[PDB]
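Those protein sequences? They're chains A, C and B, same order as listed.
So the first sequence is residues 25 to 92, 141 to 440, 451 to 479, counted in the authors' numbering.
So the second sequence is residues 25 to 92, 141 to 440, 451 to 479, counted in the authors' numbering.
So the third sequence is residues 25 to 92, 141 to 440, 451 to 479, counted in the authors' numbering.
First comes the structure, then the notes that go with it.
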Amino acid sequence: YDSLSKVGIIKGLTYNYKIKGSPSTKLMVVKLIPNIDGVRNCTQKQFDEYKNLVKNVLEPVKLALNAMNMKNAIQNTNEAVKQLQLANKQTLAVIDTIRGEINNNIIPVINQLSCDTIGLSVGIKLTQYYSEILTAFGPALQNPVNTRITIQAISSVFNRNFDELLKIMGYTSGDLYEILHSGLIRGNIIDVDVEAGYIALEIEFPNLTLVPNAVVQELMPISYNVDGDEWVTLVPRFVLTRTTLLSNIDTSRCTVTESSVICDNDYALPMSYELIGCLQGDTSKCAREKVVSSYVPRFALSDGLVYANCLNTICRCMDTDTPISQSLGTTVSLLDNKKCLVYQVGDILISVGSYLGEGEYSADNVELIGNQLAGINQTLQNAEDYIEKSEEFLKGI
Amino acid sequence: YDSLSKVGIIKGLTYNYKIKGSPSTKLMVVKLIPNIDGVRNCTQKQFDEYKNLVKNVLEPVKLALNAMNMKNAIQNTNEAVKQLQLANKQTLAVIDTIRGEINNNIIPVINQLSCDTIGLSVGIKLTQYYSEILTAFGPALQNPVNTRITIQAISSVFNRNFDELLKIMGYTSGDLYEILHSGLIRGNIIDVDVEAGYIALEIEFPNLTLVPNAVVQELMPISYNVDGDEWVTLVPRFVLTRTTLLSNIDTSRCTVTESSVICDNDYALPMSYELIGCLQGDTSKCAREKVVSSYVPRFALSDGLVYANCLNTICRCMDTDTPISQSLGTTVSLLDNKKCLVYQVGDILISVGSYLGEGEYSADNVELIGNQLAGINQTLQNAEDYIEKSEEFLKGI
Amino acid sequence: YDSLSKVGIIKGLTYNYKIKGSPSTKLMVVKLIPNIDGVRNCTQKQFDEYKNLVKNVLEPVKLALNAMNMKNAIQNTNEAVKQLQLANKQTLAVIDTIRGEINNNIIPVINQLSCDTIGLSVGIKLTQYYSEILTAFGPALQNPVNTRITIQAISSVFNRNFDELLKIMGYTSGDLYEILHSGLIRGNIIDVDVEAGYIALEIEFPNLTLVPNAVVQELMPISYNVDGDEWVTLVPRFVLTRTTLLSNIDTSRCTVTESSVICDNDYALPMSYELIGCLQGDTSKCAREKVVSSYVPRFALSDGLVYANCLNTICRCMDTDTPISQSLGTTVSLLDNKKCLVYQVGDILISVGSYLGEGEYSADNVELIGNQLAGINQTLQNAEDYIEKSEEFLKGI
């Protein structure tokens, strides 16, 4: 690239080149189902319900398996005393009655209910276990489709340290970020067992290989006003540059990222010398053509950078009587937020968003006989005390 | 396009053209963790378990942080009465015993257990909170990979009204449907804090710009029988048409939808006049070639519309002795469900599905001492009543 | 293909060809919400909370709806006895007191609390129902975006038998595996009702049609050393071969899989005879060009199969003083794990992973007055027994 802004060529982002062609198939099955058991037969119903739910959610995937006056009176009063004793017997009866209720269900059954409540807590733990299942595979558990594998499944092998994971194997920041943002890893379920509860999935560990000085720029063709006509140069929108000798870039089967391009194989091939000469400054070798369509854009846009050309189109931003433009020699002019509030290139309205960010969303808020006994004891103590002394010493031998 | 059915050109679907080149990066962090606290120290264990689960599910993502005879007898009977009083004392003892149990654990501890049950309900609410977390980001929470952002996260900013959201910013139905069905939005996690519990993600609000009269038709080349040979015209499968002057369409880096095509940038370029002349009716300028491969299809298929050519191939649908065809001039003939039950164009079996729809799936179904006391009181009342009057008036001064 | 290894052409994987062009739109709505009701008004709060959660998670999606000295003494002692009777009355009072507590909340309210615990279990079941919802659609429930539909939703129509599902409709293993690993099915939500709780989604049942003998090989161009220069033949990286007459392959709008390529329509077209002649052995017709870029690879890589060319580059694996190479006639040489421990072709380090598989991850582990009554009864029985006989027979007529 040189000082050739007059032909409408504009550089863009630089993308690194990486190669992934090393597979690995050494999968081994490791059990991960949490152990559940009953010690007091309280969680048996909960265990059965959990097993039924696990069976229901876990499809048998058989398709994959197949494919791959006084004298009498003192007597009568005594009888009355006996009647009082009979009344005491009746009280003894009530002593059993409430006790029978205590013997019926009050003590044991309620206590058993308490264990059920503990089982309920276990059920809550089961729900947490379900979350641990959900974070285990996520979408991969739903279907055996190649998709992003959860980081928690790949990590936490021995000490959950990501630094050790990235240091044990030679890797850089760029390829790791590309993998973590694109999802080049692939996952497929092998077999699912309802009873033993083990799920095996194909773990993918790509080993990206980089190429030194594998820089490539993006070119946006822009028509230029030469003489009276408007000429446009036929140049590919993506060409690799390297000192003097370079080659073209084919994106028919390549995936691009924020700052790199990922391709399964290599596609380098020799390119014609005419294009190299035209890019080097020889405008005569460039294939110029007259524009015959109004749909050809006169301005380029790259990640919010607008090269507005006000020589032919309009660049009104806030008013309609300001014919701001540039010199005849200059073709592309930068139009950023430092020139006007809301710039509108051409006759098409374009601007940025007004509000953007994480909206406020709150889930919920958590909010919030002693005297009688003493009197009875005193009466009992005093009565015998004043009756025994009175009766014993009054009559004797 | 004109009346040129003899050369095998067939129009298809029309796709609108839109441009997205305006980014926006003004992300701000807003807390969304539901407040949880304990008032009676009952949910402390539940709170600790929830915090541990949150820490376990939320990876520290340190990689992203680093990168970016008577006289004696009446005495003895009295002693017996005292013995009965002693028996009453024994009853008093039992009065404490059961009461001691009431004082031990019956009243307080069970009540405390009740609070635990309330905590269990809180735990259930926690599970609901987990669902509110799951709907918050979904897959985006699992990994920082560019994917579809949940509508509930973007919406519900102030009043959950989608109409206000679509009216505040200028948008149409087509681009909104394309975004909602394709997932052009991108999402990346910035930072995750275990303690404060805030998660920040890159919110994407694309601003699609439309182009008036940006219609483009799809062309399917079909060989035609001229003289004895079968000639096929070399025409691109996707070319834009606009009155008279038009241009070609390049789909090497463009994504197509049901009724539109989305491209990051513009790709308009002048096209040769020979192709325009050939498309306009000048069959001489068309590049005709003799077919030298049996794999070339003699019929076209577009969204269930079959242009079966029975002149050369066969069009048996229900029998094998019906040579139904068309005139020599006509090349493509429509073959819909109104002509035969199950049409089979050529020697390849093709038909529609037999059963399609939402299958029936049901989760589960929810299914479902008074007399003794009165007698004791009456006996107590009558005994004293008939003993006091008898004793008092019988003996005196 | 013939014995033409000297020109650098290497065969690769074979991909089958399939056509999908038969849509189907006969969607019908079927209710799937589990029935919930209250029999004892215990789950009313739980039902309200579940309904509120369902309303919150289920967006109204209005955008889609709009778009589409003695004498006195014996008296006094009797009064004392009456006092004892009064004490008994006091005991009767306590008989009510505890009973009042039993009548207050001990029996009924606690029992009501028990029903609440049952409701808590129902709440746990509700969480399980949520899981049944999560497995119902998964990501499709989150947004109406075309993605993989869960197998459990498509299956379980009548007897959950996958064999019957694959036998009722004519299908093979290859296309079924391609669908299950790529996700060609599309899904879109039609309408969502909060009250009736029915969700309708577009079910996709592709009917892939195969083409006999639709085999195609992959060709990787490799430069060859002829005379002093290094010549590379210009040959497309993907060309179909069939006996003698064949045609080119265009992948501009085709998706490739592990062992097949899926395209929406057909793209067969005649190819020039010069390329066929060059591929058949006529090296004169081949378009050879001198390499003018060092980025051109001298070795090919295909699924871990490396054709290392040590004639020009280096093939050091374990040492740096071993110039192992091949004969001048041979250009490509296989370099597998049976030749060296860690092979490094050229000056770029490349190898396989060290550790790969499912890591160990454990969620959690589940761990674990009779004597007094008899004495009172004996005292009561003996006292009356020895007092009645003594009193009755001592005094009489």
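Where a beta carbon is used, it is the ideal one built from N, C-alpha and C, also for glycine.
DSSP three-state label for B/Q352, please.
Of the three classes helix, strand and coil, the one that applies to B/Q352 here is helix, per DSSP.
Could you tell me whether the region 409-416 of chain C touches the region 375-391 of chain C, using the rule of 3 or more Cβ pairs below 8 Å?
Judged by Cβ distances under 8 Å, the region 409-416 of chain C makes contact with the region 375-391 of chain C, as three or more pairs qualify.
Compare the C-alpha of B/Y39 against each of B/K477, B/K357, B/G246, B/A340 and name the closest.
The option with the nearest alpha carbon to B/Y39 is B/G246.
Mind pulling the chain C residues with CB within less than 7 Å of B/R232?
Per Cβ cutoff of 7 Å: no residues; B/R232 is ~10 Å from chain C at best.
Note the first and the last residue of the continuous beta strand (DSSP E) segment covering C/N231.
That residue, C/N231, is in no beta strand (DSSP E); it is neither H nor E in DSSP.
Quick one: what's got a C-beta closer than 8 Å to C/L256's C-beta in the same chain, skipping five residues either side?
Around C/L256: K44, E250, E276, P278, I334.
Chain A beta carbons: is any one of them nearer than 8 Å to that of B/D235?
So yes, B/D235 belongs to the interface.
Quick one: what does DSSP say B/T403 is sitting in, helix, strand or coil?
B/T403 falls in the coil class under three-state DSSP.
The beta strand (DSSP E) spanning A/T149 covers which residue range?
Premise fails: A/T149 lies in the alpha helix (DSSP H), 142-173, not in any beta strand (DSSP E).
Give the range of the alpha helix (DSSP H) segment to which B/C187 is assigned.
180-209 is the span of the alpha helix (DSSP H), which, as asked, contains B/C187.
Residues in the same chain with beta-carbon distance under 7 Å from B/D322, minus the five sequence neighbours each way, listed in chain order, please.
Contacts found: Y339.
Determine whether the beta carbon atoms of B/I294 and B/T403 lie at a separation below 8 Å.
Against a cut-off of 8 Å, the Cβ pair of B/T403 and B/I294 comes out as a contact.
Could you name each continuous beta strand (DSSP E) segment of 3 residues or more that falls completely within the region 230-305 of chain B, going from the start of the chain to the end?
The region 230-305 of chain B contains these whole beta strand (DSSP E) runs: 261-264, 271-273, 288-290, 296-298, 301-305.
Give a yes or no on whether 8 Å exceeds the smallest Cβ distance from C/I422 to chain B.
Yes, C/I422 counts as interfacial toward chain B.
Can we say the region 63-72 of chain B touches the region 181-201 of chain B, given the rule of at least three CB pairs closer than 8 Å?
Flag = yes, the region 63-72 of chain B and the region 181-201 of chain B touch.
For B/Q68 and B/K79, I'd like the C-alpha separation in whole angstroms.
Roughly 16 Å separates the two Cα atoms.
At a threshold of 7 Å, does C/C187 count as lining the ligand COA (C-beta to nearest heavy atom)?
As presented, the structure is devoid of all ligands, the ligand COA included, so that no description of it is given.
DSSP three-state call for C/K410: helix, strand or coil?
Coil at C/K410, not helix or strand.
At the 8 Å Cβ level, is A/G300 part of the contact set with chain B, yes or no?
With 8 Å as the cut-off, A/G300 does not count as an interface residue toward chain B.
Given that C/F310 touches chain A, what residues does it touch there, using C-beta distances under 7 Å?
Chain A residues near C/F310: none, gap ~15 Å exceeds 7 Å.
Given that C/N437 touches chain B, what residues does it touch there, using C-beta distances under 8 Å?
By Cβ distance, chain B contributes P58, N59.
Taking a cut of 7 Å between CB atoms, which residues from the region 189-209 of chain C lie near chain B?
Answer in chain order: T189, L192, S193, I196, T199, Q200, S203, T207.
Please tell me whether A/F475 has its Cβ less than 8 Å away from any Cβ of chain B.
It does not; no Cβ of chain B falls within 8 Å.
Taking contact to mean at least 3 C-beta pairs separated by less than 8 Å, is the region 209-229 of chain A in contact with the region 426-433 of chain B?
Output reads yes: the region 426-433 of chain B touches the region 209-229 of chain A.
Can you give the Cα-Cα distance for C/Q147 and A/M142, rounded to whole angstroms?
Approximately 18 Å, taken between the alpha carbons.
Using a C-beta to C-beta distance shorter than 9 Å, which residues of chain C count as neighbours of A/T169?
Simply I451, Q454.
Figure out for me which residue from B/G425, B/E267, B/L89 has the closest Cα to the Cα of A/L238.
Measuring from the Cα of A/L238, the nearest candidate turns out to be B/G425.
Per DSSP, what kind of secondary structure is A/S434 in: helix, strand or coil?
It is coil, neither helix nor strand.
Going along chain A in order, which residues have a C-beta closer than 7 Å to the C-beta of B/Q155?
Per Cβ cutoff of 7 Å: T461, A465.
Assuming the contact rule is C-beta atoms closer than 8 Å, A/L51 and A/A272 should be a hit. Round their C-beta distance to whole Å, please.
About 6 Å; that satisfies the 8 Å criterion.
Show which residues of chain A have a CB atom less than 9 Å away from the CB atom of B/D375.
Chain A residues near B/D375: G45, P47.
Between the region 311-327 of chain B and the region 363-376 of chain C, do three or more beta carbon pairs fall short of 8 Å?
They touch, by the three-pair rule.
Between the Cα of A/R370 and those of A/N381, A/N59, A/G376, spot the shortest distance and give me the residue it belongs to.
Cα-wise, what sits closest to A/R370 is A/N381.
List, in order along the chain, the chain B residues whose C-beta lies closer than 7 Å to that of C/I223?
Per Cβ cutoff of 7 Å: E83, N215.
According to the Cβ coordinates, are A/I451 and B/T163 closer than 8 Å?
Result no, Cβ atoms of A/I451 and B/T163 do not sit closer than 8 Å.
Tell me which residue opens and which closes the alpha helix (DSSP H) that C/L455 is part of.
Residues 452-476.
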